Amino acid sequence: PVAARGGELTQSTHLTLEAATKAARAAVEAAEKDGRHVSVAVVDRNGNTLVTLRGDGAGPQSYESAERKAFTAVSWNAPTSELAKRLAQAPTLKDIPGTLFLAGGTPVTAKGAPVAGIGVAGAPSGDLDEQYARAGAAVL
C-alpha cells in the first residue's frame, strides 16, 4: 500500500456501533411498551446499514421497510413523514433507488450534518413508526 497524505485525506463522522445499537434498542423498547411489533434499522450517512433488529412478531415487510426509511431520512437529513409530502411537487423523488418515502425514518446529526438515519416499520401507521424512531434517537 501506498500511504496517502494529507491534503489528499478528509474525515467523516459516524455513530459508534455502541450508540447505533443503543438507539435501535430504544426504538424497539418504545414499541414493545405499547404492544407494537416493529423492525428497526440504523443506516449511516454513507448509506451502510449499521444495525438491524427484527421485533418479535413484526410483519415480514417491516425489515426492508425500516432499512429503506432510515436510508431515506439520512439521505435528505429530514424525517420521512416530511419527505413524503415533497412528492406533491416532485413525484419522481420516490423513483430514486433504495428509497422509501413513508413516515417512520428520522435523521440524527453531528455538527449540523446528517450522520445516521433510524427507521422503524411494522406499527399500524407510519406516524406511530416515526414516534418510535424518535424515541430511539432521543437516547442519543
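The first residue of the sequence shown is number 1, and the count goes up from there.
Taking the mean C-alpha B-factor of each stretch as recorded, 68-76 and 31-39 are not equal, and the higher mean is that of 31-39. The mean C-alpha temperature factor is higher for 5-13 when 127-135 and 5-13 are set side by side. Of the candidates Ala103, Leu87, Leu50, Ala26, the one whose C-alpha carries the top B factor in the deposited record is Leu87. In this PDB entry, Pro60 carries a Cα temperature factor that places it within the lowest third of its chain's modelled residues.
Looking at the C-alpha B-factors along this chain, the one for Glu82 belongs to the highest third. Among all modelled residues in this chain, the alpha-carbon of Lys94 has a temperature factor (C-alpha) in the middle third.
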